[PDB]
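1. Mind folding the following:
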Amino acid sequence: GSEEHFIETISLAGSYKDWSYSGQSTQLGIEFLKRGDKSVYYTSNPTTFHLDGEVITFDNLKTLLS
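-> Numbers count the residues shown, from 1 in each chain. Below is the structure in question.
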């Protein structure tokens, strides 16, 4: 799926518009997007994303940045 192709684009660029790219270990997952106290995490083998330990899709991510 194309979300898993975006996960690679994260690693290529090391930031977005107004958001920093990460990778610290937490009780919620591994960090992979950061802005102030707000963090998005990932942990699986396929594509996966969560805000503050609760899972979201690209739809719920895309408005979370925009």
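2. backbone phi and psi for the closest residue to residue 25 other than its chain neighbours, please?
-> With CB to CB, 6 or more residues apart in numbering as the criterion, residue 25 has its nearest non-adjacent residue at 7.8 Å, and that residue is residue 31. For the C-beta atoms, the positions are set from N, CA and C on the backbone; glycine is no exception. Main-chain dihedrals, residue 31, degrees, to the nearest 10: phi -60, psi 140.
3. Wait, residue 31 touches residue 24, no?
-> Yes. Judged on CB atoms under 8 Å, residue 31 makes contact with residue 24 at a distance of 4.6 Å.
4. So these two - more neighbours on which side?
-> Remark: of residue 31 and residue 24, residue 31 carries more neighbours, 17 against 10, as counted by other CB atoms under 10 Å.
5. Roughly how far does the more buried one sit from residue 53?
-> Distance of residue 31 to residue 53, given as CB to CB, to the nearest Å: 12 Å.
6. Which neighbours do these two have in common?
-> Here residue 31 and residue 53 have residue 41 as joint contacts, going by CB atoms under 8 Å, 6 or more residues apart in numbering.
7. Burial check on the spatially closest residue to residue 6 that is not a sequence neighbour, number of neighbours?
-> What sits nearest to residue 6 in space, not counting adjacent residues and going by CB to CB, 6+ apart, is residue 58, at 7.5 Å. Neighbourhood size, residue 58 [other CB under 10 Å]: 13.
8. same question, residue 54
-> Using other CB under 10 Å, residue 54 is surrounded by 9 other residues.
9. Could you pull up the contacting residues of it?
-> By CB under 8 Å, 6+ apart, residue 54 has no neighbours at all.
10. For the protein, which segments are assigned as helices?
-> For the chain, the helices defined by DSSP state H occupy 2-13, 58-65.
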